[PDB]
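*Asks:* Kindly return the folded structure for what I paste below:
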Amino acid sequence: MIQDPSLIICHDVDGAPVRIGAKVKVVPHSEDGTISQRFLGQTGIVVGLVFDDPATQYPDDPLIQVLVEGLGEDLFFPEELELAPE
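*Replies:* Numbering: from 1, shown residues only. This is the structure:
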């Protein structure tokens with residue numbers, strides 16, 4: 001079947017950790033308990049933001065996920081990593 005845009009992306013909804021297309025830095029130290037040793041010391045962009053999860057989840061993930069350049073993508077917490085200054 002043809003790939004039709006069944007879902008439409010919206011701007012940053014008030015009440016979020018970071019903004020879409022924003023580059024964050026994966027914190028080295030763990031705040032909750034789970035952390036990525038691979039990303040531990042990297043910098044990626046938030047592919048998905050934590051927003052009202054519909055009956056079909058959105059946008060692409062339920063939580064925020066950082067994707068490193070040339071690396072993979074993992075799911076991190078808003079209390080784990082912070083928004084880079086630069």
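
*Asks:* which stretches of this structure form strands?
*Replies:* With strands called from DSSP state E, the chain shows them at 23-25, 43-48, 65-68, 73-75, 82-83.

*Asks:* Nearest residue to residue 66 in space, please, no chain neighbours.
*Replies:* Once flanking residues are discounted, residue 66 sits nearest to residue 44: 3.9 Å by CB to CB, 6 or more residues apart in numbering. From N, CA and C alone the C-beta is placed, and that goes for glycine too.

*Asks:* The one you found against residue 72, yeah?
*Replies:* No. Taking contacts as CB atoms under 8 Å, residue 44 lies outside contact range of residue 72: 9.4 Å.

*Asks:* So the two - more neighbours on which side?
*Replies:* residue 44 (21 against 11; other CB atoms under 10 Å).

*Asks:* beta partners of the more buried one?
*Replies:* residue 24, residue 68 (DSSP bridges).

*Asks:* Okay, residue 7 and residue 49: tell me how far apart.
*Replies:* 14 Å (CB to CB, to the nearest Å).

*Asks:* Same question for residue 69.
*Replies:* 19 Å.

*Asks:* quick one, which of these two is more surrounded?
*Replies:* Neighbours per residue, other CB under 10 Å: of residue 69 and residue 49, the larger number sits with residue 49, 22 against 9.

*Asks:* Spit out the contact partners of the more buried one.
*Replies:* 12-13, 16-20, 59, 64 (CB atoms under 8 Å, 6 or more residues apart in numbering).

*Asks:* For the residue nearest to residue 53 when sequence neighbours are not counted, the count of nearby residues, please.
*Replies:* Nearest non-adjacent residue to residue 53, counting by CB to CB, 6+ apart: residue 62, 5.3 Å away. Using other CB under 10 Å, residue 62 is surrounded by 13 other residues.
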